[PDB]
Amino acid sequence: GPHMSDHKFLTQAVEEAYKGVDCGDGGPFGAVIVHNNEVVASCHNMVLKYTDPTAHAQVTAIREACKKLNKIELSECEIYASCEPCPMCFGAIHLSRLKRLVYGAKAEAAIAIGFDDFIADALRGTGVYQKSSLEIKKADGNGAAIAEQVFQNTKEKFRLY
């Protein structure tokens, strides 16, 4: 059920992170968008491949899912992010109308290997103007440990962008 599906899709997002950093497409971040347990898009960060600083894993997955589904609203879909989404990605998640976000690692795990200290107030509940009502789940247990370890494991395979 939900738990098994959640763990499977977060694991897919983590594997995308490893795949993308391995082939030089971008940093170690993956995202999977699912429609009633059917995968619509499975993507990783493409900033280096695309020369596009907006091509984070989550944005790339939204772009792909919307193109595939022929609609700009992903209201029947959920997104699994290997790492907590940044302010841009969390904004994109809002604009796409995704109904639920599950993420694996806290942003601090990426910041620990040198990524920008760039965290979404609306995800953490700390804004004045931007407020979220999106359903948000932070992974726990085995899936969370596997997600957090990505950054220490991939430190030397890529250069920070």
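Counting begins at 1, following the sequence as shown.
Look at the C-alpha B-factors of 128-136 and of 100-108. On average they run higher in 128-136. Higher mean CA temperature factor between 45-53 and 111-119: 111-119, per the PDB entry. Ranked by C-alpha B-factor against the other modelled residues of its chain, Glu73 falls in the middle third. In the deposited entry, the Cα temperature factor of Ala13 sits in the bottom third of values across the chain's modelled residues.
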